[PDB]
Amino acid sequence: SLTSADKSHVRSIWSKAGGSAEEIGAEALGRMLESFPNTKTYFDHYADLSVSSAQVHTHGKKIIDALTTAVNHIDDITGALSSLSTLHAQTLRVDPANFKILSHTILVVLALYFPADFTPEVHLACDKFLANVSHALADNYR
């Protein structure tokens, strides 16, 4: 579970980044698609998978906004994300092995854009937080 110190660290880095939701989310999504190309089949309906893609921008903002909501309901990530879990499991049919991939590219992007804020302990906190988010999104799969 996230400790109080973890949640402070997550709220801190997210407060610093949430204003760039679209840019951050497009970088993270874009990077998932290019660095882990087995993910591209999920977004094969988009004409452009690049960071400048308007569809990648729109969807990237959705991802970061959903995480912001989780950060604001950090004591119950399960309830915040259970609807999205159903969606990814039943409608989108996303293999849940992919959740850690987007979690990783999110961390990369946070490092890239806020290197002084993303200290080792903040990374730890943010890694626990995205594992919790991923565990939550995986919960309805079986």
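Residue positions are given as counts along the sequence shown, with the first one as 1.
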Fill in the blank from the handout: Comparing 122 to 130 with 14 to 22, the higher average Cα temperature factor in the PDB entry belongs to 14 to 22
Practice task
Check the entry's C-alpha temperature factors for 73 to 81 and 113 to 121, then say which stretch has the higher mean.
Solution key: 73 to 81
Fill in the blank from the handout: Scanning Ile64, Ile106, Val51, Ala89 for peak Cα temperature factor in the entry gives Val51
Practice task
Would you check the entry's CA temperature factor for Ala47 and let me know if it's in the chain's lowest, middle or highest third?
Solution key: highest
Problem - CA B-factor placement of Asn38, once the chain's modelled residues are sorted into thirds - result: highest
Problem - Entry-reported Cα temperature factor of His59, expressed as the chain third it lands in - result: middle
